[PDB]
Structures are given as structure tokens and as C-alpha cells.
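One structure is given here, and the rest of the page talks about it.
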Amino acid sequence: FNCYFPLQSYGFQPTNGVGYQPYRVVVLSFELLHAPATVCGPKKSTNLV
Amino acid sequence: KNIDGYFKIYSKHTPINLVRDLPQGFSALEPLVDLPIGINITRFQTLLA
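As given, the protein sequences belong to chains D and C, one line each in that order.
One point on numbering: in the entry's author numbering, the residue at position 9 of the first sequence is 494, and numbering is uninterrupted.
One point on numbering: in the entry's author numbering, the residue at position 43 of the second sequence is 237, and numbering is uninterrupted.
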């Protein structure tokens, strides 16, 4: 009464629908601080004339 | 040396013949590696074996 265990398990069964199936989700966050860069994307390259 | 967050290290290895605890002459120190850390430093300490 007026008390509840807050954590509960997921019902990820093979028969679940699109709205209940499991989905491996990843959230990619970026950060621009005063410190310098550390990871920059791949740059294009070409032959040497 | 601390270059606005980029800590640089120069080095040189040469033989000597110690006579007065500090061999004199001339040499040139080559660079070793750049370190994009970005952390303020004001003191240091040696690690002896």
C-alpha cells in the first residue's frame, strides 16, 4: 500500500511485436569544449601527380 | 614544454666521458612525441628505481 518496487524486467520474448521486441540502441553524444579536438573524420586522398 | 595544451617532448642520447659531473660541448635535441592532453600543470617530480 503506497509502496512499489521501482525496477522491473523486460518481456523480451521471441513472439513480441514491433512495439515490444528488443532493440539494441546507442546514443552518440558530441562535445565541443575549450580543450582541443581528439577524433576527426577520415579525409579523402588521391594519387600523386 | 607546454604548448597551449599540447605537451611536447624532445630527447637526445649520446655517449660522454664524465670528468666534471657535467660534460660540455654542443648538441641538438630531436622531438619524440606530441601529447594533446590539455591539462594545466604547475609542478613535477621524478620517479627513481
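Note that CB positions come from ideal geometry on N, CA and C, so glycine has one too.
For a contact defined as C-beta to C-beta under 8 Å, what are the partners of residue i on chain C?
i	result
residue 523 of chain D	230
At a CB-CB cut-off below 7 Å, which residues of chain D make contact with residue i?
i	result
residue 199 of chain C	520, 521
For residue i, I'd like the list of residues in its chain whose CB is within less than 6 Å of its CB, leaving aside the five on either flank, ordered along the chain.
i	result
residue 504 of chain D	none
Just curious, the beta strand (DSSP E) that residue i is in, first and last residue?
i	result
residue 215 of chain C	Segment: none, residue 215 of chain C is in no beta strand (DSSP E) and carries neither H nor E.
residue 491 of chain D	From DSSP, residue 491 of chain D is part of no beta strand (DSSP E); its letter is neither H nor E.
residue 230 of chain C	224-230
residue 201 of chain C	200-205
How long is the line joining the alpha carbons of residue i and residue j, rounded to whole angstroms?
i	j	result
residue 515 of chain D	residue 199 of chain C	20 Å
residue 202 of chain C	residue 524 of chain D	19 Å
Among the residues of its own chain, which have a CB less than 8 Å from the CB of residue i, if the five just before and after it don't count?
i	result
residue 506 of chain D	497
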